[PDB]
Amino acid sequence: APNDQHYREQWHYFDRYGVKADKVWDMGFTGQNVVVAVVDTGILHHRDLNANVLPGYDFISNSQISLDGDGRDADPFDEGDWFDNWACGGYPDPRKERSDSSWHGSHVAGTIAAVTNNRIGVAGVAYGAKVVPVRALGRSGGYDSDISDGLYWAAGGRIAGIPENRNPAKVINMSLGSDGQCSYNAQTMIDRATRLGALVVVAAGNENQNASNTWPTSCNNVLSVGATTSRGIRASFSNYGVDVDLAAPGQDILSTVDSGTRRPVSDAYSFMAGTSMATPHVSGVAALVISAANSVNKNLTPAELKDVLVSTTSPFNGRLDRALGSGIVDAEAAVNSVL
């Protein structure tokens, strides 16, 4: 077991309806030599992340989304996607007036590979793995073509006027999405990323609607992730349906953020809910599964990896409100299967 101060609060790693990450660390697999790309709001300079973060890239083209004064650049720092006075919003809706910065991509990155065994803060599912921040979201979200470009690069794809990725990822985490069917361009980048060897792991979404009505779930060649609670049932906001492949803890998830309401001020930790929190659990387990597959000289295709994760899930608590894949992702059964 990890020595980090607040690991006990991370029920989602160890408890009844957790991901049994502890049972894999017991075997010596922590995702060593695995790289996971996080296509999200970018990364904080956080004492509980720094050492597990690789060079990334900022794909945000609009400088009024990026909030760092230019388009695409080599620094994936999360400037903070805060906004005032309906700057992203449907005025006059009071619920759309203002958001503090989410630190979303850092909360996601922490779930995968927070610095673990360094006493401070929290653990990550795959703390021996490293994270490549692919910043594609900022104030208001992000363009789909920035997201698509970002995910292709994340897998080792070359992009015009961007230096080659030295750290191509075996797993690409997309804690994001919106309404509408998968675009041609998105589907194409996903297929190309997959042909490079990457597993694309995506959030089902948070609108209590059929995930098929959204992307990236409606795309081929993704692993779509629903959200469960500490009681092993569907979190009420989680999207659902036949295209949800499996589920993972998506409520009361503790990870790494900043205290700043606008720009980074100091390292913090908070709880979040969302299929966005569930996804990095599956991406971390994916990395665990790969480290174990490496150990017995076994190569796994994205298709093989997705089937290993989908077939080795633990049961839900009851038949569930809605369809939410095969079960809760289960690192113990997944790893045991490949050995």
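Position 1 is the first residue in the sequence shown; the rest follow in order.
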For the C-alpha atoms alone, is the average B factor greater in 74-82 or in 105-113, going by the entry?
74-82
Quick check: 137-145 versus 170-178, which has the larger average CA B-factor in the record?
137-145
So if I compare the CA B-factors in the entry for 187, 217, 210, 238, which one is the largest?
210
Residue, from 283, 276, 63, 41, that the PDB entry assigns the highest Cα B-factor
63
Lowest, middle or highest third: where is residue 130 by C-alpha B factor in its chain?
lowest
Consider only the C-alpha atoms of the modelled residues in this chain, order them by B-factor as the entry records it, and name the third containing residue 250: lowest, middle or highest.
lowest
Quick check for you: using the entry's CA B-factors within this chain, is residue 121 in the lowest, middle or highest third?
middle
Assigned third (lowest, middle, highest) for the C-alpha B factor of residue 162:
highest
Rank-wise, by C-alpha B-factor, drop residue 191 into the lowest, middle or highest third of its chain.
lowest
